[PDB]
Every structure is written in C-alpha cells, then in structure tokens.
Asks: 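Quick one: this structure, given as structure tokens, is what I'll be asking you about.
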Protein chains: 2
Amino acid sequence: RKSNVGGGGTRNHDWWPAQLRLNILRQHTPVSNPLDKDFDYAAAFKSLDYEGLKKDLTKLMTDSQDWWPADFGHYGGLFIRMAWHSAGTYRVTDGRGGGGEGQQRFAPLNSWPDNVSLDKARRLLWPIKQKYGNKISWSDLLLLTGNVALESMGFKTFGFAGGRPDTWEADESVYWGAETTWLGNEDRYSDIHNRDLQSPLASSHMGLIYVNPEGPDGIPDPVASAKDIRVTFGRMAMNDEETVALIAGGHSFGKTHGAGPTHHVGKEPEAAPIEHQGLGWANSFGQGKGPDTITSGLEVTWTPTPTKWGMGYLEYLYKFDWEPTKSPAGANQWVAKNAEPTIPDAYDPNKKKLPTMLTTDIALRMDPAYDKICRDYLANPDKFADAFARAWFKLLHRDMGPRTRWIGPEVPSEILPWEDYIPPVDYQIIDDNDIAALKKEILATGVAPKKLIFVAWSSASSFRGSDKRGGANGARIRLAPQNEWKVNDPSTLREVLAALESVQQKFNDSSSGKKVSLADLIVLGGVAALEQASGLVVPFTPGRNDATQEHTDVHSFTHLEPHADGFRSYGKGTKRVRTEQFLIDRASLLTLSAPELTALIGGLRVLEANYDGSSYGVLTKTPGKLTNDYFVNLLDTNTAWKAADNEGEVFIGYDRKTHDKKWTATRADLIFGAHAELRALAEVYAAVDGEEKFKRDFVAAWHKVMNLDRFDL
Amino acid sequence: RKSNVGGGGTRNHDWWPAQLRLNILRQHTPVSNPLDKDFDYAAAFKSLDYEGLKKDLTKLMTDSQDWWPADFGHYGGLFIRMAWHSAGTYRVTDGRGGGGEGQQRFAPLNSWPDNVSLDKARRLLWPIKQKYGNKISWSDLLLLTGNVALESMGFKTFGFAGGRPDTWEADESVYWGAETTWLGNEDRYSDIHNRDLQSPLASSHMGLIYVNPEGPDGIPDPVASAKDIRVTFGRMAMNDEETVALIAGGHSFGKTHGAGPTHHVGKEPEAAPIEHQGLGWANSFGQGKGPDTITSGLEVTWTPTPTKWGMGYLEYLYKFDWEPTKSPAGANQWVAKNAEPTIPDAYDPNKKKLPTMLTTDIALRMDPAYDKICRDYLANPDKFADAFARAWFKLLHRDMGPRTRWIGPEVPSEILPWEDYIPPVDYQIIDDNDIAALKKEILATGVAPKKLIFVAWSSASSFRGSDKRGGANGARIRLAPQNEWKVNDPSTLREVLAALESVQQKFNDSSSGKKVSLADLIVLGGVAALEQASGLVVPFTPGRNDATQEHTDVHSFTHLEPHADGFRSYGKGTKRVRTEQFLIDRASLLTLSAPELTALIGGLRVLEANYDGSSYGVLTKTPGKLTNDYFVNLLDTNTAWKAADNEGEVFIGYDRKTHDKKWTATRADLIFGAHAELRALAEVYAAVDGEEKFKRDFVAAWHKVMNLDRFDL
Ligand code: HEM
Ligand code: HEM
C-alpha cells in the first residue's frame, strides 16, 4: 500500500496503466529460490522412497485431524477436488495454468472463490511434506495425493508421472480476465444461451475453475449450463466423452459444503488475519468445520457410497426425477422426488439422506450429446472406469510436455493420443563429420539462406514453455496444421522442405547405421546459413527425430498459431492488445529474457526473417549478414519517424535534415527505441564496441531457441 | 493494461492492496542485465580515455543540434540542470534516491514534472555514450557532463569520482509519496504557513525535486518558501551555507523556459507516442524548441552572462527591488523594478531583457538566515566559488559511500567532513593464528554468547545499501549516537565493549607491528560465538579499522536509527506501515534476498538476539543453539496463535488439543507462517532434512551481512 516506506507508495503501473511492462521476463530467478545452486529435482525425486510416500498418503486418508475433520472419516473427496483444482486452471489457448508448478499455493489461486477449504487440504499435507523434504515437490504431491485418494477408495489409476518442480512466487504471465470483482463475468462475455467467451479464457467467471455450479449467472438452467461446460472443457482440451467421465467419476466421491449462510464465512487467505497462519475463510457458523462446514454453499452428496468407487452417480442421476431447491445457504440445487434416504451422513452413522445433485450434473443428462454418453457408461461400467482413469491421467499431465520429462515408476508404457509423441532415436546419430558435411551440402542446394533461417526459426519459435508443446523436434512444421500457417509462408516452406528432403535421402541412403532426421536438417540449415552470415561458429546439437501425422492432432495445434508474431513482422494488434504487447507475451512463452529478446529481434531483422518479405525493420544496407546495423540505425539520432497511416502500425524513418525516406518499420521495431528499459538494452548492442558482443549474444540466443524442447537431453 | 494477453489483466496488487509484497528483494538480477557475466565496470572505467571524453563533452557544449537548439549556443545550463536533477532526488532519511544508479533514464523519474526537456538533454549525450561504450556509464556520464559544463564556463570544480554502475530496471523500493496526481501534496502534509513534511519525503510536491518555484501551493510568499527550502535541503543533507551556494551557483547559469501556455505541451515520455522514440513533452507552441521552448512555464534568466561564471546572481538579487509578475504561461515570478534590459536573449544578439527572478530565489534574500549568508558571499567572492564547488561535489557524491568506492583521476585527496571516513590500515593485520587465539580469548571473557552475537549483529546491521553508509567497519557502534540507541541496548553494548577493549590492549602490547582494531574484534566476537553454537566453521575477513568521533557527525547518523527492527524484535508499526513492512524494507536496505531474510530471522531468534531480552519468537527448547527449531515450531500444525491484545503486535502460541501455552510472538515472526511466499521458504528449512542446509545458509547469510561495507576489499 501507499505507506511511507520501502515497498510503498504510488507505482509506475499506477501512473501509466497502458504502459508495457517487462516483468514477465524477469520471473523465477535464482535469487528467490532457496535451494542449492546445483539442485536437481529430477535426481532428488528419483531417490525418493516412492512407495513409502504412497503408504503415508494412504494413511493420511483416514487420519482425521480435529482442526479439519475428515468427512466420512476419509479425506479422498477433498483431496480429489484439491488435485482437480490444481490441474483444472489449464487452458489450451495459451497453455498457461494447470498444476505443473503448484501455483495453487500462491496468489491468486490460493484465494479463489473456487478454492475455499483447499487451504486446509494443503495444510493437511505439510507433515508428509516435511518428512520427504525436497524429494517431493508440492507440485507433484498435490497431484499424487489425488491419485492415492482414488486408489485408496478402490479406483484403478492409469499412471502417474512426477518431475514437476516447485515455483517460488506467483506467476504474473497469466491473464485470468479483466474483471474487478470476484465471480464477475461481464467483461469476458459479449447474455443468455448465445454469449461468446473471450480468448484465452476457459472459465465463465473470475475465480472459478470452469462453470457456475448453480448455472449461468446463477440461473439453474441445465441445458444452458451444458453449453458452458462444453466450451470450458473444450478450452481445457477435453471432449464430450472425457468431460462426462471427469464430472461423473469425480462427483462419484465426496460432498459439497453449505451447512449455513455464507455471510458466516470470513476473509480469504490473502486478506485473512496474520494469526490465521495462511488459512482463510474462518467460519462463524457452528463448529465451522466438520458438519458445520461451509465451502461453496451447496449441500450435495451424490452417492450412497462417497468413500468407495462405483456407479452410484450415473445410476442415481438416471433413476430419479429431480426438482430444484435451495441449500441452507440459498444456493440453487436439485433433489430427488419420491425417494427414501439412502445416502450417508458424513458424521452420523445412524442417518441417511435424500439424493441431491448440482445443475451442472443434471446438465449431463439433459444435453442430448451428454445424455447419450452417460447412457453408454451406464451400459458398460468398465468402459467408464477406463475412460475416467484416462481422462484423469490426462488432466494431471497435460501441461507436462514430452514424455521425456516424465519421471517415476507409474509412468505408462502406452502412448497417449494427446501426447504429441515423438519416436525415440533408434539409429546412429550423425557426427561432427556428417555435420560439417551436411551443412555444406545443404547450402549447396541453392536455397536462399534467408529461407533456411526463416524456416529454422519458424520451426523452433513454435514452442511455448507454459505447456511445453512445440518446437523444432519432431519437425511438425512439415505437417498440418503448421504447413498452411500464413506466418510460416507455405510456398517457401515447401521449397525448403523439398531441399532438405533430398539431402536427407542421399544421407540415409548411403547405407550404414547412421541416419538423420528432417527435424535435425531444418535446424542444421539455419546453423549453416547463420555461420555463413556471422563468421562465428554456431553451436548445434543433433538428436531430434521426425514425427508422424498420427501423433499430431490438427485441432490441438490450432491454438499454437499466433495472432501476431513480432519476431517475423506478422500480425497487428487488437483493440485490447498492442502489437508490442503480443511480442512480450511471445518472448515469455519462449522463456527469453529481455536482453535475449532484444538480440533476437536485431539479428532476425538484418537477416530477413519477415514472413512476407517486407522490409520493415531491415535497417541494414547489407541484408543477410549479421551485424549490429539494426540497433545502430534505430537509435540513430538523425532519423525521425512518422506514422504511415492512421492505424498506427507501420512507420516511416526519414532524415531530419533532408527528409529523405530511409526505412519502414512496425511497432515491434519502434518499441525498442521508445520503451526506456528496452532502449537501454539496444544501447549496449549499438555501441561502437558492441557488435562483437551482440553477435555472440545472438548466436547464444539462437541456439537457445533451437533447443527449447530438447528435454531428451 | 488489463489486456487479454500475457502481462495483462487484474493483478494481485488489485485484489489485495494491503498485502505485503517481496518484489524489492527480487530486483536488479543478472537476467535483466545484458553485460557479459564477467563484466567489471570499475576495471572498464579505469581503462577509459578519461581526457578524451572530457574534451568531447566540451565540444558538445557548443555543438547546437537543430532538433533541440542550445541557448546562447551553449548547452551548459541544461547540462547542469540535468546533473542537479539526477543527484537532487537524494534524501538522507532512507538514503534512497540520488544519481548513483542513473535512475533518471527510467520511470517515473524520466517523466517527472521537474524533468521536462531532460529527455532531450540525455539524448544529446547518446553519440558520446555510443562512442565510449561500456567504459562509461550513464550514471557517471550524467554527472561528469555537469562538471564539464561548469569547467567549460570558467568555474573550477573540486573533483569528480566515478564508479557508478548502470541499472536496467526502474527501482521499486523508493516511496515518492502516495499522492495520485502529479504535483499533488495533500498527503505529505499532515495545511498552514507551517506544516510538517512527512518522512521520509524530501520534496513538497509529487514529481518535484525539492520545492515549488512559484511558492508553496503556487503562492508567491518568499519567506514561506524559505521554510520549504530549509526543510527539503535539510532532508537532502545540506545546511544553510551549502543551500545558498547551490541555488546561487546554479541559477548563476542558464535560463528557464516558459514561452507560451503550457496547454501546448503534450504527454510525458512514458505516455508519449511510439514514434517519438522516448522523448515526451511535444510542444505545439511555435517552433517548440529553441526560443519557443516550454519546460517549466517560467520565463526567467538570472545573469547578464548565462554562459560565464561570476557574481551576477548575488549581485542582481541584491541590486534591484522586486515586484511579482507573471510568465507567458501564468506562473508566478518576479521582475525588477526600475531597470534597463541588461541580460541577453538566448537567440537574439541584438535583444536584452530585464532582470528576472524566482520566488525561491528571492527567498534567499528575505529569510533572515539566508540573507546573512547571501551577504557574506557578496563580501567574499572567493569563499563563494569554493563553497559552491564543495557543495556541488557533495551533491554528486553523497550517495556513493566510502572513498574506497571512489575512482578516477579527479578524486580529491582532501577528506571531507560529510564523508564518514575510516582511516586505512597502517599496521600488520591479524593472521589465522591471532584469530584462533582471540576467538578463544573473547569467549573466555565470560561475556554471554547472546551478547557477542547481538552486538556484532547490531554493528553490521546498521548498513543501508542505498547510501552505502553504516556497517561494522569503523566500529561506530562505539561512538555517538549509536552508543545510546535504544535498539542497541546501551547497557549490554558497553559491557561487550569493555571486554573487547581489554582484549584489544593485550594484543596491542608487544607482538610489535601487529595490531587489531575494535571493529575486527566486534565482528570476531560474533564469529567465535557463532561457531561455538553451530559446530561449523564460520568464515571471517579481517582488515576493518576503527573510526574516530571527529568523523562521525551525529546529525548524519541520526537517520539510520530504525523505527522498527524485526531482526532484533524491536519496535512496532504505525498507522500507515505494518511491522512486517518495516522488516521487508530493512531487508532491502541490507541487500538480502527473500531466502537470506528467512534464514537470518530463524537463526537470530534461536540465538536470542532480541534487543530487550524478550522471548518473542524464540521457538526453541534450546536457546543459544543454532538449529532449525524456529521453522519447525512455527509451521507446526498442532499450534495455534491468538493475538495477545487488541493491538495486533504480540501473539500467543498454544496447543490446539490441550490449550497449553507454548510461545510468544510478534508480527515479524507470524508473517513467515502467514505469507505464502515466505512460508515456502520456511518450509525448506523446517524439513526433516533441512537443518544442515539451513545452518549453512545462515552462516553464509551472516558472513554476508558482516562484510556489507567492505568496499576496501
Ligand atoms: C462441471 C464441472 C464441475 C463443477 C462446476 C464442480 C463443482 C463442485 C462443487 C461446487 C463442489 C462442492 C464444493 C464443496 O462445497 O466442497 C464439488 C465437489 C467435488 N468435486 Fe466437483 N465440479 C465439477 C467437476 C468435477 C470434476 C471433473 C472432478 C474431478 C475429476 C471433481 C471433483 C470433485 C470432488 C472430489 C468433490 C468433493 C470434494 C470434497 O469432498 O470436499 N469435480 N464440485
Ligand atoms: C530552490 C531550489 C531550486 C529550484 C526550485 C529550481 C528550479 C528551477 C527551475 C524551475 C528552472 C527552470 C527550468 C526550465 O524551464 O528550464 C531552473 C533552472 C536551472 N536550475 Fe534550478 N532550481 C533550484 C536550485 C538549483 C540548484 C541547486 C542548481 C544546481 C546546483 C540548479 C541548476 C539549474 C540550472 C543549471 C538551470 C538552467 C537549466 C537550463 O538552462 O535549461 N538549480 N531551476
């Protein structure tokens, strides 16, 4: 707050809300990580007594703590909801969210309206975390706790991979929406059965995982509700069959909590008093825990056996007629008509209750597509147990990346369809000699070296580190849909692919156990051509393998196509986001620092990596040679810039004295001479003494981008 | 801006404005720095062609650019205003501000209402910056140019020291106030002829260096304005003699710029259009530069020779009688009654104007203290030239720290009185053998380990890294005023002092050439005792020297006294700042990271380093022994915390099951269990396996704080 000390007062984001900020390129630095400079989590997790941990977790399941009693004497439901919220913030649009980094323990996820009582679920795990030390991460423990919960209650899981490391601060790269009040949704829509949800959002309300459990805007309309679910689960990469299996297999266990009115519930953890030690939502109704618990405000128990696996959910949903009703907190729900109390009380073994359900649940039976799927699962209970295991596995591992980052003994042998699988290498990798020889032979194809660089950059810059999907490995720029991407210049892309293919056959044809993939050739062309342009030895690591179309879902990769790509002078801004805002977002996705971003733009520009051959930002008289001309000419004090039109995207550089026309540029260029912090970076590379340095930084930054997905390393 | 991209949307700061933030402990990381990791500026500066640069700067002075013409054909006035705004934000209260880091390039300083047209000033210097590369920093260059401007106009400077490294981010640890409107000041007063300026501000308006030029809230009352100057210059470390020499010697050159109404002037750099390339304040009046310039809106020119040194300012101020008038922009100014046009026009050699002055200037002749000093400078033109040179030198180097950090060939050999000088070592330093022997001798004294540690921490803990003042070197804890600071526990401090004094004397007797200081002894007392209580070897670097009271201005050191010190469980919050906010601010001043802050408190607490002997946060059964007990007991889920009163500062830890009383604490303790990001740090050290790790981190963090001022190294 604006209090008179270090940390306080009005900030820059206060005076200039529209201004571009580079904070997301400065996150997750070592300084804020307490671990030892050489800590390797993968190695520490492998040394873990994994079955020891699982037993410990199984034990915790029936270990009721008086401070947060276990419902039914078993914490599984709570732990299943914990892990499904950790994982469920994921959106396929930008790949952000999910449980890959355990962000549920930080703001704002820790204090979301959907995350009530999940604070207590995490505190229940501290003793076990304390024991395993740094060999298990909160990121992995949160999810494995949900697996163990399912296995403890008789459900057979599909697998589990660990390796997720821990983070130390809140991640500022995610846009969760623009609304300023919790549960607000006014801005992401643009109401009834026909409103459109704003990209990249995958949730209908701020502070919610997917949908309103009472119904859209609190209206219990289950068909209108089913339409929200399809959309939100679609943006989280789940189809109809997987959505039904998740909700049913999930609400197959536990209960909701809404024992009394919600005014009785206090501050969220980030606003809660310091003596509460990180727990929020202090409840003044009754005991405030156990049976008097208040989480969502809904009082629903779905099955006759909440702590045991079975078909109660789909069975009860299809056997009773349901009528709307209200909860002890005023929330919209449903209850069964003409039915005796068959559901157990969480605290009283002598009581049983009437079946209840949620609007979102009823929606699964009322939507014609969901109905059909639900009846198929009733008709074959085994297909259901299998679909849910599979969808649960997908839920917890969809933001984990290539199987090469998957660790542990429960890792599945079976390749999954959503995996983006690349076949391991099974031949002799090429050596320093084939490499030198291959460079030569590529360049000698007569393919314009600007094409070789453009395509290698197009192949790599496709990675996004949030998700860990994309990149040069697999060479899917050759497959759909990346080959018709406009940003990828498909006519060129093909000329380059034809050339690399021919080179590929002559090598693999020379017999021997040595082979080269196309993914490695595409990078190698950039490498050859870059070396030609700088005179510097450009590093190169072989080992990529080619990928097939079957493991390349066209729909999946539809989300990876940029709207605007500044590294390539493509696209323009929107009414809500400026061109330069899209570039900073893309740099974040490629894990680039601010200086790395700066080097790459100057280099790619003098090297002609513009998607359509425009001359925007080619501030060089020698296109094709890697010099520091871009920077020297941008900061050149005798050039002036006027906008070239009204849109404000292309500009003209002209001589102050003379007024002669010199150059053309976009916003992705001028921001580097306009933004004070970026300009300081450009000044380093534009100094009389900075070219040698710049060239080194660019080849480092280039090689970095070329290996962004090489987890197999 | 809440744009639907990475970097956009509602933030944690929006949802929780009161929430403590750890950003200031994550600043200025290597990731944001472009320079190669080996880079050493001090070495690069020493290799500068220092004289070639001064020559160049001298040529630049008369090198009028058409894009921003020189007044009188000499950019010196502008360059002097530039360097006096770079250095003039300094303040002694917290030591923040000043020109030590070149923060004037970054927001908000680059866009302050007082720094109009300095964006153009710095742009004039880019060619020269481009020439000399990384061997000169903007931080040094900005201030050197101010010195070359004076020399070029016939004034003799006292010296110049370089060594200021550049920065790359805006600094977020400075509280410029809480007003949300530029030039506003409703918040820092808390109306009247005499009001109190709030600590630690040293400016009467937001966006201003010191005072309003038209007068308080724009009223032209010079006496009332003199009270503002005395206060603001007091908070910037200047006395009445130095204040008069600075304003007079400064407004002895150049002019102001207020040619037309200010509604003609456009946005500041941070809000200016992209094609402006970092320059703001586009002026639509006339040519918008040169004679049509509009900077502050005041049209004043002080001396008949604005590009030449002499006594015109003091002379004209004392020769004519003044009447208030208005500027072409409506600003309140003064003009001479009964005079001819004697001062020249900046563009017209055939025009001359009447004597003019500012309210703040006139204030120097109206306040009875300033009048007396004004008169003595008129009486002695030599003492004036010398005072000005010395105040200028003080202005540009007041935040640079010990002479050990000063570099270059124009460094003065004369020791200044505001320096905090420490004599260099002129004897043989103690060797590994005298350290082992003294360690044993000091603990043999029988002084309690908790006192040896507490005093070594009290000595070292006094450093602030903004200013580079404080710390163990010099052993000024012995001197005034630290010797009677309540947080230092003066009774205990004296005891420890006596004991150390005795050890020092026996060592200094015979053993000949080899001596030891009391500063090395105070620090060593801690090391010995820390080793005893840890079983680890605690590093130690000797070479500290003692300092005398003649070089320990008691008014300077009064500002280093903390209001609250969480490391020693001292003090409490105000109505505007919470206890835990004061601790994060103090950690910033000691340059500590978040994990270093966490380690230090757990360690200092089990070692009993509380100022009054309280048991606040001593969460160990074995006090005086270094363990991770602190974090174990803090994060224990079977303990709960009630506030101990209606105040919210002290708390009681009790058992949940038996309600038995366990601990006592303050807000400096509980925040590590409440704040999500700090709690993650504590969890590392509370792990079954984290005690040896912790202990190591604490001895590293301890030795770090012990050498914070050792620039001599
Ligand atoms: C339409 C989508 C979904 C919505 C809107 C939703 C909403 C809710 C709500 C409001 C509760 C009650 C919260 C409380 O008061 O404790 C609940 C319970 C629960 N949900 Fe969901 N849910 C959905 C789908 C799922 C899925 C896919 C899973 C897992 C795959 C899941 C797992 C659980 C569990 C385990 C509980 C019980 C937690 C406990 O016993 O404390 N839900 N759900
Ligand atoms: C009472 C304190 C002071 C105030 C309020 C003040 C304010 C101002 C203002 C408003 C201007 C005209 C700005 C413009 O339109 O260009 C100015 C000019 C100037 N001031 Fe100060 N000033 C103060 C003291 C000083 C000091 C201590 C120095 C240096 C030691 C200094 C150096 C200058 C210079 C060099 C100029 C002329 C800049 C140019 O020619 O562009 N001033 N001052």
Side-chain angles (χ1 to χ4, degrees), chain A residues 19-27 29 457 460-461 530 534 565-569 578-610 616-620 626-636 665-705 708, chain B residues 6-7 28-37 39 105-106 126 129-130 133-134 138 166-170 274 277-278:
Chain A
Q19 179 86 283
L20 185 68
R21 288 187 290 264
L22 314 168
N23 301 49
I24 57 179
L25 309 185
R26 312 190 170 126
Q27 291 196 96
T29 48
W457 180 263
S461 66
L530 177 58
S534 38
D565 186 9
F567 293 112
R568 281 178 293 188
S569 300
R578 301 190 301 280
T579 306
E580 61 262 40
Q581 284 170 301
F582 278 117
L583 176 68
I584 298 319
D585 171 275
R586 170 165 269 268
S588 162
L589 290 175
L590 299 155
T591 72
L592 302 167
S593 76
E596 275 167 346
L597 158 68
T598 304
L600 277 165
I601 257 97
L604 284 159
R605 290 282 182 279
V606 284
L607 283 194
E608 315 186 270
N610 278 185
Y616 298 141
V618 188
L619 318 193
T620 184
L626 181 90
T627 60
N628 66 320
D629 279 19
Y630 180 79
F631 310 96
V632 181
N633 291 330
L634 176 69
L635 305 174
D636 192 349
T666 46
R667 284 195 78 88
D669 295 301
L670 297 202
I671 185 84
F672 280 108
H675 195 264
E677 279 167 20
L678 296 177
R679 191 184 180 94
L681 299 184
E683 292 181 315
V684 179
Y685 300 143
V688 159
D689 82 342
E691 181 174 22
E692 270 322 305
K693 189 226 193 299
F694 156 76
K695 288 171 52 172
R696 272 185 268 112
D697 285 357
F698 176 97
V699 327
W702 172 275
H703 172 69
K704 190 210 170 174
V705 174
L708 278 170
Chain B
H28 305 303
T29 48
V31 84
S32 81
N33 188 320
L35 306 181
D36 308 306
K37 162 210 139 296
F39 191 82
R105 323 141 70 198
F106 306 114
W126 164 239
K129 179 74 184 92
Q130 179 174 236
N134 59 38
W138 278 110
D166 266 325
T167 49
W168 313 90
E169 306 172 345
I274 219 193
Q277 297 288 102

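Computed over heavy atoms, backbone and side chain alike; hydrogens, waters and symmetry mates excluded. Residue numbers start from 1 in every chain, and the chains themselves are labelled A, B, ... in the order their sequence lines are given, proteins ahead of strands.
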Asks: Closest approach of A:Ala665 and A:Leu670, non-hydrogen atoms and distance?
Replies: CB-CD2, 4.0 Å
Asks: Do the non-hydrogen side-chain atoms of A:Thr666 and A:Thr579 ever get within less than 4.5 Å of each other?
Replies: no
Asks: CG/A:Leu708 to OG/A:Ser461 distance, rounded to the nearest 0.5 angstrom?
Replies: 9.5 Å
Asks: Would you please name every residue forming a side-chain hydrogen bond (donor to acceptor under 3.5 Å, both in side chains) with A:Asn628, sequence neighbours left out?
Replies: none
Asks: First locate atom CG of A:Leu626, then atom OG of A:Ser534, and finally report the distance between them rounded to the nearest 0.5 Å.
Replies: 5.5 Å
Asks: Just how far is it from atom CG of A:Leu25 to atom CG of A:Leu678, taken to the nearest 0.5 Å?
Replies: 8.5 Å
Asks: Is the shortest heavy-atom distance from the side chain of A:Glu691 to the side chain of A:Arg696 under 4.5 Å?
Replies: no
Asks: How many angstroms lie between atom CD1 of A:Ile671 and atom CD1 of A:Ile584, to the nearest 0.5 angstrom?
Replies: 7.5 Å
Asks: Run the side-chain contact (heavy atoms from CB on, under 4.5 Å) test on A:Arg679 and B:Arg105 for me, step by step, so that the C-alpha distance in whole Å, both residues' side-chain angles and the decisive distance to 0.1 Å come before the verdict.
Replies: CA-CA 10 Å; A:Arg679 191 184 180 94; B:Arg105 323 141 70 198; over 6 Å; no
Asks: Could you check B:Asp166 against B:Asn33 for side-chain contact (heavy atoms from CB on, under 4.5 Å), going step by step and ending with a plain yes or no?
Replies: CA-CA 10 Å; B:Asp166 266 325; B:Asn33 188 320; over 6 Å; no
Asks: Are A:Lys704 and A:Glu596 close enough for a salt bridge, meaning some N to O gap below 4.0 Å?
Replies: yes
Asks: Atom CG of A:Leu600 and atom CH2 of A:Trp702: how far apart are they, to the nearest 0.5 Å?
Replies: 8.5 Å
Asks: Could you go through the side-chain contact (heavy atoms from CB on, under 4.5 Å) check for A:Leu22 and A:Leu597 one step at a time?
Replies: CA-CA 11 Å; A:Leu22 314 168; A:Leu597 158 68; 5.7 Å; no
Asks: Under the rule for side chain to side chain contact (heavy atoms under 4.5 Å, CB included), what residues qualify as partners of A:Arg21, not counting sequence neighbours?
Replies: A:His13, A:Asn23
Asks: Has A:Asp689 got a side-chain atom pairing as donor or acceptor with B:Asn134's backbone, closer than 3.5 angstrom?
Replies: yes
Asks: Would a distance-only check, ignoring hydrogens and angles, find a side-chain to backbone donor-acceptor pair under 3.5 Å from B:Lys129 to B:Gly133?
Replies: yes
Asks: Please tell me if the side chains of A:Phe694 and A:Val684 come closer than 4.5 Å, counting only heavy atoms from C-beta onward.
Replies: no
Asks: Is A:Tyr616 atom OH crowded by more than 12 heavy atoms from other residues, nucleotides or ligands, each under 6.0 Å away?
Replies: no
Asks: Who pairs with A:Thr620 by side chain to side chain contact (heavy atoms under 4.5 Å, CB included), at least two apart in sequence or on another chain?
Replies: A:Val606, A:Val618, A:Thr622, A:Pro623, A:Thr627, A:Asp629
Asks: How would you list, by chain and number, every residue that makes a side-chain hydrogen bond (donor to acceptor under 3.5 Å, both in side chains) with B:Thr29, sequence neighbours excluded?
Replies: none
Asks: State whether A:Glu608 and A:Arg568 are salt-bridged, where the test is any N-O pair (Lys NZ or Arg NE/NH1/NH2 against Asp/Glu carboxylate O) under 4.0 Å.
Replies: no
Asks: Under a 4.5 Å cut-off applied to non-hydrogen side-chain atoms, are A:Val705 and A:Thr591 in contact?
Replies: no
Asks: In terms of relative ring orientation, are B:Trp126 and B:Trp138 parallel, tilted or perpendicular, with 30° and 60° separating the classes?
Replies: parallel
Asks: Given side chains that start at C-beta, do those of B:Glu169 and B:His28 come closer than 4.5 Å, heavy atoms only?
Replies: yes
Asks: To the nearest 0.5 Å, what is the distance between CG on A:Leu20 and CD on A:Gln581?
Replies: 6.0 Å
Asks: Of the non-hydrogen atoms in A:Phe672 and A:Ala682, which two are nearest, and what is the gap between them?
Replies: O-CB, 4.1 Å
Asks: Only counting residues at least two apart or in another chain, list the ones meeting side-chain hydrogen bond (donor to acceptor under 3.5 Å, both in side chains) with A:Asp636.
Replies: none
Asks: Residues in ring-ring contact (aromatic ring centres under 6.0 Å, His included) with A:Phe567, at least two apart?
Replies: A:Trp457
Asks: Hey, are the side chains of A:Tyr685 and A:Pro595 touching, using non-hydrogen atoms and a 4.5 Å cut-off?
Replies: yes
Asks: With sequence neighbours left out, write down each residue that passes side-chain hydrogen bond (donor to acceptor under 3.5 Å, both in side chains) with B:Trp168, or none if nothing qualifies.
Replies: none
Asks: Going through the checks in order, is the side-chain contact (heavy atoms from CB on, under 4.5 Å) test met by A:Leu635 and B:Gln130?
Replies: CA-CA 10 Å; A:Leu635 305 174; B:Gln130 179 174 236; 5.8 Å; no
Asks: Could you give all pairs that pass the salt bridge (charged side-chain N to carboxylate O under 4.0 Å, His left out) test and reach residues 666-678 of chain A, with sequence neighbours left out?
Replies: A:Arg26-A:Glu677, A:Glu580-A:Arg667, A:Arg605-A:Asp669
Asks: Filter on ring pair (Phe, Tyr, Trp, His ring centres under 6.0 Å), then keep only pairs touching residues 579-608 of chain A, sequence neighbours left out; what's left?
Replies: A:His563-A:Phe582
Asks: Under the salt bridge (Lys or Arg N to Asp or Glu O under 4.0 Å) rule, collect the residues that match up with A:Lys693, sequence neighbours excluded.
Replies: A:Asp697, B:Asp36
